[PDB]
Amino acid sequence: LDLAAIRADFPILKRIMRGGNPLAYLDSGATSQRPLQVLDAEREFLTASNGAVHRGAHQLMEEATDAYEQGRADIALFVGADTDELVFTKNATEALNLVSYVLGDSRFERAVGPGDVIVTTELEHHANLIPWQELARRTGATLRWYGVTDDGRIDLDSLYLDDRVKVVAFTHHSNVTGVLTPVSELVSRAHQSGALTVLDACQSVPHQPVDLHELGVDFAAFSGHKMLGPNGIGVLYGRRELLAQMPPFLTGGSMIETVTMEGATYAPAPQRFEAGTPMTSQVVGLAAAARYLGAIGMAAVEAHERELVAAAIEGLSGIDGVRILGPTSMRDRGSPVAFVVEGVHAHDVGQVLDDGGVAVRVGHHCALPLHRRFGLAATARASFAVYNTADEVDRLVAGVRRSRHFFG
């Protein structure tokens, strides 16, 4: 990688923080920073081609529609899907909600009811937990889950799927422990039961090569603002044959075919699932982000992030009292590195790091069940992106030592 050249694309990385030091942003797991290429793609669209999409028939409408549908195609190519298999949402959370609502709809032939089991995992972000709790509540289905191993991996021996299981939802890549999950194994076990698979790919699509066809999952969700793209855009992937079978979630304009006061018929997918005006300029921005990451190459992105993670684990593990939540091993592991400091509360660790200009997230990282499973209330979490450097890792390790000295 030409890291100096990559970092030069991000204006925010030049900023000097209140404590006088240059920003070391290690919180890309919460939201990533934006390159000029993405900022410029959206601004150029908005100042030249901004018009209604798919609703005709003047010149700006044609240009807007072209930008929208080419954006969809570019994003689909990046994640190994067909163009018609992506639905745009406001965020990944909404995408997982869409699936959870359609699976409780009487018009869907794969809808769940009493006697059916929904499976999630104890590793999951709340986005891939609460919707399944709510689906169970509305339908009388039962929620079960895989537990977590001592090294923060999905414990495959902790739950057996039987023929009651209709949905299996799981993370591709943990936003806390950094583990890469055995997708092919879980898909295999789900298929024994005839269950649909739902993949939370929010932390994989930004950090590693993703080919959704190759993974063989039924649905997948990811968010634009974590892969260098705009806020306000998420993506649901669904297999073409499944989307064809699914009733709509949100309804209104754009997603209809016929309408009377009495009833309506609905467009084909993906339009069926996109009600009202879409996030047109954000699609243009997200496509630019996909092309940016594609240009660097996701294998190179992953190799660079793995270098930083390995160094962070080494450095932090070398401090007395510091324990990693997740594996110390780099086997099937990436970003982030979440840790606890013996005798120093996460909020204080974060404050000391912030004083040095190092941004980490402190808290439960929207994975409270995971923290509770390890007897923890909060961790500090350093997450890494393509624009991060070895020096920033060193400043993390130094800041953590400083916290132990200042308090202990």
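Each residue number is its position in the shown sequence, starting from 1.
With respect to the recorded C-alpha B factors, which stretch has the higher mean value, 64-72 or 345-353? For C-alpha atoms only, the mean B-factor is higher in 345-353.
Would you determine, from the values in the PDB entry, which of 240-248 and 223-231 has the greater average C-alpha temperature factor? Going by the record's values, the stretch with the higher mean is 240-248.
Maximum C-alpha temperature factor per the entry, among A290, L161, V301, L212, belongs to which one? Comparing C-alpha B-factors across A290, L161, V301, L212, the maximum falls on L161.
Which one of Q271, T328, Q133, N175 shows the top CA temperature factor in the record? In the PDB entry, the greatest C-alpha B-factor among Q271, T328, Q133, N175 is found at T328.
How does the C-alpha B factor of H191 compare with the rest of the chain: lowest, middle or highest third? Highest third.
Please say which third, lowest, middle or highest, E124 falls into when its CA temperature factor is compared across its chain. For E124, whose C-alpha B-factor we compare with every modelled residue in the chain, the answer is the middle third.
Third of chain Cα B-factors occupied by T181: Tercile = middle for this residue's CA B-factor.
State the tercile, meaning the lowest, middle or highest third, of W145 with respect to the CA B-factors recorded for its chain. Its C-alpha B-factor belongs to the middle third of this chain's values.
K90 - which third its CA temperature factor falls in, relative to the rest of the chain: For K90, whose C-alpha B-factor we compare with every modelled residue in the chain, the answer is the lowest third.
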